[PDB]
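Report on one structure; see the data block that follows.
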Ligand SMILES: [Co+2]
């Protein structure tokens with residue numbers, strides 16, 4: 403199961419908005435639980451990953467609503483409104499539909 407992300411890199415100014423995509427090779431929706439098993443992680447310079455959103459659109463505790471996840475099946479999106487300098491990082495989507503979870507290659511976000 404391959405996880406494809408785009409674009410590879412983004413360079414924007416503070417206050418702008420960005421949208422990144424994550425496409426799964428197989429549908430990640432489960433009709434029994436009615437949940438898309440797709441998560442988004444934020445990885446800051448030299449640190450371990452931080453879970454941001456799970457079940458495609460549900461935010462973790464303390465995560466600002468500037469971060470918005472959406473999509474279902476095979477095509478997902480993570481949107482960041484009014485980007486801030488602190489958001490500088492690499493964002494990864496991760497599927498937990500199968501035993502062995504899989505990560506996408508990520509989208510690097512840099513602030514000008
Ligand atoms: Co999930």
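Numbering (my numbering), first residue to last: 403 to 514. Ideal Cβ placement from N, Cα and C applies to all residues, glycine included.
Per DSSP, what kind of secondary structure is residue i in: helix, strand or coil?
i, result
"residue 467", "coil"
"residue 512", "strand"
Within the same chain, show all residues whose beta-carbon is closer than 7 Å to that of residue i, passing over the 5 residues directly before and after it, in chain order.
i, result
"residue 459", "471 and 472"
When the distance is taken between beta carbons, is residue j closer than 7 Å to residue i?
i, j, result
"residue 430", "residue 499", "yes"
"residue 411", "residue 497", "no"
"residue 442", "residue 480", "yes"
"residue 414", "residue 485", "yes"
Does residue i get closer than 7 Å to chain C when you measure Cβ to Cβ?
i, result
"residue 499", "The question asks about chain C, but that chain is absent: this structure has only one protein chain."
I'd like to confirm something about residue i: is its beta-carbon nearer than 6 Å to some heavy atom of ligand 1, or not?
i, result
"residue 395", "Since the first residue of the chain shown is 403 and the last is 514, residue 395 is not available in this structure."
"residue 457", "yes"
"residue 439", "yes"
Skipping 5 residues on each side, what residues in its chain have a beta carbon closer than 6 Å to that of residue i?
i, result
"residue 457", "437"
Roughly how many angstroms separate the alpha carbons of residue i and residue j, rounded to a whole number?
i, j, result
"residue 513", "residue 419", "11 Å"
"residue 434", "residue 465", "28 Å"
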